[PDB]
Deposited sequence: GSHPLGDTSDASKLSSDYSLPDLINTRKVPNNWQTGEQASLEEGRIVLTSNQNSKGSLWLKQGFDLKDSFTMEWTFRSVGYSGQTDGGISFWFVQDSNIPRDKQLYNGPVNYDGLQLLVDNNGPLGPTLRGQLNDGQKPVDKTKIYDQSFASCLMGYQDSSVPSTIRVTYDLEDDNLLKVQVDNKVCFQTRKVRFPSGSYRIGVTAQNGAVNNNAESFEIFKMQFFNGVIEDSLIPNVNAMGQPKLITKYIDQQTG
């Protein structure tokens, strides 16, 4: 697995790091603080963290994001979104959790404003139309229940896309399967990888979403014009 780790698309541990790693960039109110990038803080905050360069999808990959939420417990309109989307530059649109409403690819949404409570949901789009935000919870292609708030220990989301297992897309939270599917077909192309968050305005909350680490691997780890399709 070391041999497969990609330094170009990973975010190293941020302890004693005095600047954002140069292959990434923050946006909006996101900032580097000691040991973590803080996406949101204080009220009605938004932040983004994206890789500067696209990823050429030609083979299986794994991506592991380590994050946490601190500072608020309760239902809100906030959320954190992890993206894997086909685009030539960082996505321009910021309407959907401070990320693109018109994406072509995958949105993984962690939030608690839907009827099921705190969830990790998979959303898909193919760039032809913006998604209808009013239908997001009814349109998830897959989901699991996932407690994330007010939680000191960070969580790790592992996303694997395994072409050698008939295009298995598998999403794990701390190594437990959240969902998996073979229905999602990402075309070869250049993809943008990043995370965006907002805490919203509900109850003037100051929920703070934090990113600690992200590891990107070429291949599948120990789990041995074209647009996204859902078959």
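- In this chain, the deposited residues that lack C-alpha positions fall in the ranges 1-9, 234-244, 252-256.
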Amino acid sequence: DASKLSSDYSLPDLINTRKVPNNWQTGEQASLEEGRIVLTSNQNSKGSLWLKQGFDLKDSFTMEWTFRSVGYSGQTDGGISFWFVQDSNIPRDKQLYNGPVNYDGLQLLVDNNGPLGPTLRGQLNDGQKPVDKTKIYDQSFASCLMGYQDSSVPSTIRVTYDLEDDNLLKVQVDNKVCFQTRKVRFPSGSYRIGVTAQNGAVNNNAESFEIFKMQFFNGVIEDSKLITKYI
From here on, numbers count along this sequence of modelled residues.
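- Averaged over CA atoms, B-factors in the entry run higher in 9-17 than in the other of 9-17 and 210-218.
- Look at the mean CA B-factor for 148-156 and for 113-121 in the entry; the higher one is 148-156.
- In this PDB entry, residue 35 carries a Cα temperature factor that places it within the highest third of its chain's modelled residues.
- Ranked by C-alpha B-factor against the other modelled residues of its chain, residue 77 falls in the middle third.
- Sorting the modelled residues of the chain by their CA temperature factor places residue 200 in the middle third.
- For residue 143, the recorded CA temperature factor ranks within the middle third of the chain's modelled residues.
- In the deposited entry, the Cα temperature factor of residue 89 places it in the middle third of its chain's modelled residues.
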